[PDB]
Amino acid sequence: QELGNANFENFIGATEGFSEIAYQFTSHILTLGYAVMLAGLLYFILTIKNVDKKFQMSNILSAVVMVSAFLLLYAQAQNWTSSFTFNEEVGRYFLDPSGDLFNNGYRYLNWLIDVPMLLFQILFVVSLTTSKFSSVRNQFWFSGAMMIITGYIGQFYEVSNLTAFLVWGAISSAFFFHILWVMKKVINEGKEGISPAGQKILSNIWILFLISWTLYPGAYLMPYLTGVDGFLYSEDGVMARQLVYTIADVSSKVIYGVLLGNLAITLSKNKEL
């Protein structure tokens, strides 16, 4: 049938269908996703007063991000279950178009909150040295936006036009590297003039940041990481994508936020952990 500029899930769903395990796992992992986020929201609110006033914007922005991620991951969980329906005769879930086609683009546009705010929020915990606060912020936000928007365009074509897919993906990748560059700078300047404890945390944060954020382009490419007609262009690839998103999401948002909160505590004049 005619699907157009649609994500590859819909093509697997339309031709092969999804096994019980594939369908159910994808459902479960998204559910866990949004559950984590709402739990995180509660955590971050409830721990605001654990750090000095000046650090508390970090907690607030964590919370802001949790709201975004919850809403999206919740919405997307429902989108999954609507888009694919059990066929009794063969015993697999197939594309149910009355439910709309499944699209990962929901995530992308919601990153226009998540990404800016996640990058922003560190600047409230660490002190810069040679770099200017506003300058860093603006670079983060610009490159962030450009990264997302270009990627957002790309992913529409991941099946329909593999060239556009990769080119847009490439362009996106450029801006991603820019962000990585700037964040490294930030983390180094952050380490300057703070206890060894805080420096250890920032080291961890950087590793977390680097891995977790890298997963996202991983998910982008997921169906094609085993080349043409590969293992991953399958229900197995579908599962993998949503798993990776969920790991990325938990890492890049919740754990990131927790570490920052721990950093803020060390840097806090009253407070101890």
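Residues carry their position along the shown sequence, with the first being 1. Take the two forms, find the largest set of C-alpha atoms that superpose within 1.5 Å, and that set is the rigid core.
Superposition on the core shows that, in 5 other deposited structures of this protein, the C-alpha atoms drift more in one of 227-235 and 203-211; this is 227-235. Of the two stretches examined, 34-42 and 225-233, the record assigns the greater average C-alpha temperature factor to 225-233. Checked against the record, the higher mean CA B factor of 189-197 and 74-82 lies with 189-197. Sort the chain's modelled residues by C-alpha temperature factor and residue 180 lands in the highest third, per the entry. Annotation for residue 248: CA B-factor lies in the lowest third of the chain's modelled residues.
Among the modelled residues of its chain, residue 213 has a C-alpha B-factor that falls in the middle third, as given in the PDB entry. Sort the chain's modelled residues by C-alpha temperature factor and residue 242 lands in the middle third, per the entry.
Per-chain ranking of the deposited C-alpha B factor places residue 165 in the middle third.
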